[PDB]
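A.B. asks: Next up is a structure, given as structure tokens.
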Protein chains: 4
Amino acid sequence: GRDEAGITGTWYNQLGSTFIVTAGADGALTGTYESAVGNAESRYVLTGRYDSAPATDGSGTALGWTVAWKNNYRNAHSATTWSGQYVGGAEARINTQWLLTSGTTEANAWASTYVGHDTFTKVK
Amino acid sequence: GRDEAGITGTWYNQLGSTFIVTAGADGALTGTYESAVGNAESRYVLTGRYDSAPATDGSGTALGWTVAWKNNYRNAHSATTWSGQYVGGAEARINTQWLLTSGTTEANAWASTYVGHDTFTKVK
Amino acid sequence: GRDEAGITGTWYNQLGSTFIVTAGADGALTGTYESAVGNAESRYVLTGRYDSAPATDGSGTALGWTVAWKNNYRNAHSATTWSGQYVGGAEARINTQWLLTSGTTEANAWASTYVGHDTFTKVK
Amino acid sequence: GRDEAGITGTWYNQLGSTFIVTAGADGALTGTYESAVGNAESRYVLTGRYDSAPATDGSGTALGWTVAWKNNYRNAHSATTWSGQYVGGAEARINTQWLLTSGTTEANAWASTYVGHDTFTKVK
């Protein structure tokens, strides 16, 4: 993948969360997520996909991934998906927007989903 | 997984798209997605996660998945993530909201991401 | 306004909420919103804007509006904005997506904002 | 309004856009918006609402507003709604997420709506 090397490794967001990812030659994203906030402790499994053959016109590299907030420690009955783009270079970034859906009753389903935005960098 | 059997199989959304998914005992989602709309043809790899031990209080089952819109036929330099919940029973549903991010230049990054909502059923 | 007559009046969404709106010749939306759900009772002031000169090519009419969830009965320290389009005809609809932001501390700001989708019709 | 004085005035976002707003004692927002980006030129009318009696616990002030992208110069057949919170103090901010809906045909309605985030400050 063009950005396999660029994407693979450890990222930090503005909240102090840790995203550890391996990008596969085939478009796979695999790794672990550790949230600094919310009903979460330690690492959670993540999986996702990225564009392994992006445009060569200076566009970013589209990608996304999912965490279900269940591990051996806690279950927050929720899942977050991050949708965004990898921008390479000296200050590489992954700029994302995310949706967090909780399991709810039908009565509360209107309030099931949060939306936010996270920016990941290789330092901090 | 409590809804492993309920989630695994073929789903159809309101657009006529086809979502074919296997839920793993461990929270994994693996399969293929075929979009009826947009810059897409044939099947794309998807991966995601679901809550394999949901609440027993009648709440839905949180889940999410990603497609990168690259296959052997086309590359739309984009990725969609669906975030939502599985609601079991006679008329099982997956109710989602999604983010579609395109790879963009810095100049166009403000316009990178669409948001929408898809409802998947086992028929149609 | 091209859809001034079409938009002006009483609308109902899938939750049983009531949206009473007047569209001005100049693009203004003014009225009241009554939510069937959440921390809400009776009517709240709404204001917004619509495209008073839409495309003639069968496209819908872009529009949006805001409710701050404060009235003489309650204050939910939150505001919802609906963004969407009016689609005219026998079964007229306003198809929206919405963002609900709560006032939060800096610590909880990552969880400030819900996202959802409401469809309004002239009946039910 | 508790933050009537804090909110009223000229704001700038990260894109270089200009938001000029008056907050009314009653919860009204009225003003003009000038976008640095997209299919836009000069000022557009905006209207919205804010929580005129926010919590006294250090929480921000919920607010939202709408622009329909029609003025005497251009019509982009679209509307943006910003939903967010005002955070007072030495470096006052309005932290928003936004939905931009275009008028579309029914065929293209799945792609009608962009989502993004803007942060407004009193300088730059």
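By convention here, the chains of the structure tokens are called A, B, ... in the order presented, each chain's residues are numbered starting at 1, and ligands are numbered starting at 1 in the order presented.
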With 8 Å as the limit and counting only C-alpha atoms, what residues in chain A lie close to chain B? Please list them as a ChimeraX atom specification.

C.D. replies: /A:27,46-55,57-70,75,77-85,97-106,113

A.B. asks: If we count only C-alpha atoms, what is near residue 34 (chain B) at a cut-off of 9 Å, once residues fewer than 4 positions away on the same chain are taken out, given as a VMD selection string?

C.D. replies: chain B and resid 17 to 20 40 to 44

A.B. asks: Give the answer as one residue: which of D:14, D:56, D:35, D:22 has the shortest atom-to-atom distance to residue 2 (chain D), using only C-alpha atoms?

C.D. replies: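 Nearest to residue 2 (chain D): D:56.
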
A.B. asks: Run DSSP on the backbone and tell me which residues of region 74-113 of chain C come out as strand (DSSP E); list them as a list in words.

C.D. replies: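 Assigned to strand (DSSP E), within region 74-113 of chain C: residues 75, 76, 77, 78, 79, 80, 81, 82, 83, 84, 85, 86, 87, 93, 94, 95, 96, 97, 98, 99, 100, 101, 102 and 113 of chain C.
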
A.B. asks: Selection from above, C-alpha atoms, as a compact mmCIF listing (two decimals), in the first residue's frame, can you write it?

C.D. replies:
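Wrote out_9.txt, looks like this:
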```
# COMPACT_ATOMS: atom_id res chain seq x y z
CA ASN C 75 -34.17 24.27 30.33
CA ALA C 76 -32.30 21.22 28.89
CA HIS C 77 -29.11 23.38 28.31
CA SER C 78 -28.95 22.13 24.71
CA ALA C 79 -29.76 23.12 21.11
CA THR C 80 -30.73 21.03 18.10
CA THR C 81 -30.11 22.06 14.50
CA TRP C 82 -31.95 20.26 11.66
CA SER C 83 -30.31 20.41 8.19
CA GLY C 84 -32.19 18.94 5.23
CA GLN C 85 -34.36 19.40 2.17
CA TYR C 86 -38.07 19.91 1.43
CA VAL C 87 -39.39 17.52 -1.29
CA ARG C 93 -41.56 15.55 3.05
CA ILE C 94 -38.79 17.38 4.90
CA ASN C 95 -35.88 14.92 5.17
CA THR C 96 -33.41 16.04 7.83
CA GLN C 97 -30.34 15.16 9.75
CA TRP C 98 -29.81 16.84 13.09
CA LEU C 99 -27.10 17.73 15.64
CA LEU C 100 -28.06 18.11 19.34
CA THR C 101 -25.33 19.82 21.39
CA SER C 102 -25.46 20.07 25.21
CA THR C 113 -23.17 16.21 20.49
```

A.B. asks: For CA of residue 8 (chain B) and CA of residue 25 (chain A), quote the distance in Å rounded to one decimal.

C.D. replies: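 Rounded to one decimal, the two atoms are 26.9 Å apart.
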
A.B. asks: Work out how far apart CA of residue 24 (chain A) and CA of residue 124 (chain A) are and give it in Å to one decimal.

C.D. replies: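 Atom-to-atom, CA of residue 24 (chain A) and CA of residue 124 (chain A) are spaced 24.8 Å apart.
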
A.B. asks: Mind pulling up the distance from CA of residue 120 (chain D) to CA of residue 88 (chain D)?

C.D. replies: 11.9 Å

A.B. asks: From region 3-79 of chain D, collect each residue whose DSSP state is helix (DSSP H, G or I) and return the set as number ranges by chain.

C.D. replies: D: 4-7
